[PDB]
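*Asks:* Here it is: the structure, laid out below.
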Amino acid sequence: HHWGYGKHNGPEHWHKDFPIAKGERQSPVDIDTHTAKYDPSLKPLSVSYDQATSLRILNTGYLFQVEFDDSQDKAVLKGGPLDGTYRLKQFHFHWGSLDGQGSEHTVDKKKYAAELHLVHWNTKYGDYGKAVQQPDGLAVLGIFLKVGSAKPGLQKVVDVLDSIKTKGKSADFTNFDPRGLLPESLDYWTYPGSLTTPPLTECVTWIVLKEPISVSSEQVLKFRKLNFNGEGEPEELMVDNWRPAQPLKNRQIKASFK
Ligand SMILES: NS(=O)(=O)c1c(F)c(F)c(S(=O)(=O)CCO)c(F)c1F
Ligand code: NA
Ligand SMILES: [Zn+2]
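Under our numbering, the residues of the sequence shown are numbered -18 to 239, in order.
This is the structure:
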């Protein structure tokens, strides 16, 4: 009886194994665009993915993730609200059973069909496992997906998903360029928060881009053919793997723009 997304082990139950679920800096949150404050001291984000080295794609039983070689300073995120350098470790998505839900963050209560998270860890902490013990250990870049035109840079990901249908499957996934997943603008909101899955650690500086990317109905329908179950177990489609918005509490969301 591990955690997951269902009636019996979903977000409303996680607090019993992970009491920080009721903490003061939980994610995701609703971004109220009217109350987010423009902060002229923020910088433009620096997204430097030119040397990114993807290695593998994995169905974790909760989502799928594309992992990178983060044993050297290749693909990094800096600037914006961040102090120092954050190295890209992996990206993953959360998505819905229907095009009207699936994102973790919301914008003026709007839900998007999915949300991409690019997870980076602060190199001052030496590796990821140390970084997630720190209040400024991770920086997660969040990008909304809406359904419309296909995203060409997503198709390599979509087409390998049939090889990782079930929990614990991986496949080689080299030479994938995550720049193809980024919208035109790097305008963003930022706030201090948490992992959105157990253990829900409060170690994340969230940077959520305002501009969603467009993906096609067929691309997101291929996400929904993944399975939460292992091979040889009853089929449970991997859909609705998002945590709802959590209370903002004593936090301010800052805007990098207008
Ligand atoms: N959705 S999210 O981006 O907040 C997220 C992470 F990025 C994340 F890294 C973890 S983790 O548990 O440390 C394992 C993944 O690297 C998470 F638990 C987690 F929830
Ligand atoms: Na190395
Ligand atoms: Zn995530």
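Even for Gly, the Cβ is constructed at its ideal location relative to N, Cα and C.
How big is the Cα-Cα spacing for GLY4 and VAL185?
*Replies:* The residue labelled residue 4 in the question sits at position 23 within the sequence shown. The residue labelled residue 185 in the question sits at position 204 within the sequence shown. If you take the alpha carbons of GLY4 and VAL185, they lie about 13 Å apart.
*Asks:* Count the other CB atoms, across all protein chains shown, that sit within 10 Å of the CB of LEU190; report buried if there are 16 or more and exposed otherwise.
*Replies:* Mapped onto the sequence shown, residue 190 falls at position 209. Label assigned to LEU190: buried.
*Asks:* Beta-carbon distances below 6 Å to any heavy atom of ligand 3 define the shell here; list its residues in chain order, please.
*Replies:* Answer in sequence order: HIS73, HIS75, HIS98, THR177.
*Asks:* Identify the continuous beta strand (DSSP E) that holds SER78 and give its terminal residues.
*Replies:* Sequence index remark: in the sequence shown, residue 78 carries index 97 (1-based). No beta strand (DSSP E) holds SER78; DSSP gives it neither H nor E.
*Asks:* Using DSSP with H/G/I as helix, E/B as strand and the rest coil, what is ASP11?
*Replies:* Numbered from its first residue, the sequence shown carries residue 11 at position 30. Three-state DSSP puts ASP11 in a strand.
*Asks:* Contact between the stretch 76 to 95 and the stretch 146 to 163: three or more CB pairs below 8 Å?
*Replies:* With the cut-off at 8 Å, the stretch 76 to 95 and the stretch 146 to 163 do not touch.
*Asks:* Taking any heavy atom of ligand 2 as the mark, which residues have a C-beta closer than 6 Å to it, listed down the chain?
*Replies:* Here the list is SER52, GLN53.
*Asks:* Judging by CA-CA distance, which residue of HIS(-18), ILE1, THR16, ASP11 is the nearest neighbour of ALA236?
*Replies:* Translated into the one-based positions of the sequence shown, residue 236 becomes position 255. When each option's Cα is compared against that of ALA236, the closest is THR16.
*Asks:* DSSP beta-bridge partners for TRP170?
*Replies:* As a position in the sequence shown, residue 170 is number 189, starting the count at 1. Looking at the DSSP assignment, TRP170 forms a beta bridge with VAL189, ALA236.
*Asks:* Could you check if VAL100 belongs to the surroundings of ligand 1, using beta carbon to heavy atom distance under 7 Å?
*Replies:* In the sequence shown, residue 100 corresponds to position 119, counting from 1. Correct: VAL100 has its Cβ closer than 7 Å to ligand 1.
*Asks:* Assign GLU183 to buried or exposed, taking buried as 16 or more other Cβ atoms, counted over all protein chains shown, within 10 Å of its Cβ.
*Replies:* The residue labelled residue 183 in the question sits at position 202 within the sequence shown. Buried, since its Cβ has 16 or more Cβ neighbours within 10 Å.
*Asks:* Quick one: is the Cβ of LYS70 within less than 7 Å of any heavy atom of ligand 1?
*Replies:* For the purposes of this step, residue 70 is taken as residue 89 along the sequence shown, with counting starting at 1. Yes, Cβ of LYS70 sits closer than 7 Å to a heavy atom of ligand 1.
*Asks:* Can you tell me which of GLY161, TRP223, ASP31 puts its alpha carbon nearest to the alpha carbon of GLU(-7)?
*Replies:* In the sequence shown, counting from the first residue as 1, residue -7 sits at position 12. Here the closest residue by C-alpha is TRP223.
*Asks:* Our contact map puts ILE194 next to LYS132 with C-beta atoms below 8 Å; I'd like the distance itself, whole angstroms only.
*Replies:* For this step, residue 194 is matched to residue 213 along the sequence shown. For this step, residue 132 is matched to residue 151 along the sequence shown. About 5 Å; that satisfies the 8 Å criterion.
*Asks:* Does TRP223 come out as helix, strand or coil in the three-state DSSP assignment?
*Replies:* Taking the first residue of the sequence shown as position 1, residue 223 is located at position 242. In this structure, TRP223 counts as coil in the three-state DSSP scheme.
*Asks:* Does the Cβ of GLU48 have 16 or more other Cβ atoms within 10 Å, making it buried, or fewer, making it exposed?
*Replies:* In the sequence shown, counting from the first residue as 1, residue 48 sits at position 67. Answer is buried; the Cβ neighbour count reaches 16.
*Asks:* Give the straight-line distance between the Cα atoms of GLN227 and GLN233, rounded to the nearest whole angstrom.
*Replies:* Locating residue 227 in the sequence shown gives position 246, counting from the first residue. Locating residue 233 in the sequence shown gives position 252, counting from the first residue. Looking at the two C-alpha atoms, the distance is approximately 14 Å.
*Asks:* For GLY60, I'd like the list of residues in its chain whose CB is within less than 8 Å of its CB, leaving aside the five on either flank, ordered along the chain.
*Replies:* The residue given as residue 60 occupies position 79 in the sequence shown. So the list reads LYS24, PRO25, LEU26, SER27, once near-sequence residues are dropped.
*Asks:* Since I believe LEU69 is in contact with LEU39 (beta carbons under 8 Å), could you give me their beta-carbon distance rounded to a whole number of angstroms?
*Replies:* Within the sequence shown, numbered from 1, the residue matching residue 39 stands at position 58. Within the sequence shown, numbered from 1, the residue matching residue 69 stands at position 88. Contact doesn't hold; Cβ gap of about 16 Å is too wide.
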